[PDB]
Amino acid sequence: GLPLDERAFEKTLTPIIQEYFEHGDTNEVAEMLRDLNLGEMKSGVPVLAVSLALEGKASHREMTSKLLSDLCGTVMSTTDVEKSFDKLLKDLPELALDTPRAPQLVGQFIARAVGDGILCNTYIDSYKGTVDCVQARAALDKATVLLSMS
């Protein structure tokens, strides 16, 4: 349904993710998440990580895809991951204000998640003809293109 402690959540996880962009140890992030024992807010981690990476270096975005692959199956499930991308698609209109190419970059995050097997290959299809948001559509379309040339 609805997540709890969202505002505090962002305040607590942001420094942890930013630090990860520098040390590159996904196990450090995993330990912090085990300490927090997050409820449904588990799905909020990928969204925040992606959101911060969008405004960072291209290397941070690659490190983020790696983090998602590592965390899935350890501190969160594919179900949490799918919920995270659903949230990401919804936040796209706001994210694009700071990063115009956010849709395309989210497209790569989606393609990579499907490649790493943490996001079902039918995820994109399910949204085919169910999305009104042109930004979400652009992200899904970019993901489709990237997966065709995989």
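So that there is no doubt, residue numbering starts at 1 and follows the sequence shown.
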*Out of 117 to 125 and 97 to 105, which stretch has the higher average CA B-factor listed in the record?*
117 to 125
*In the PDB record, does 62 to 70 or 77 to 85 carry the higher mean Cα temperature factor?*
77 to 85
*Using the B-factor values recorded in the entry, state whether the Cα atom of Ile16 falls in the lowest, middle or highest third among the modelled residues of its chain.*
lowest
*For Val131, does the deposited CA B-factor place it in the lowest, middle or highest third of the chain?*
highest
*Classify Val45 as lowest, middle or highest third according to the C-alpha B-factor given in the PDB entry, relative to its own chain.*
middle
*Would you please rank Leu92 by its C-alpha temperature factor against the other modelled residues of its chain and give the third it falls in: lowest, middle or highest?*
middle
*Position of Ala111 among the chain's modelled residues by C-alpha B-factor, lowest, middle or highest third*: middle
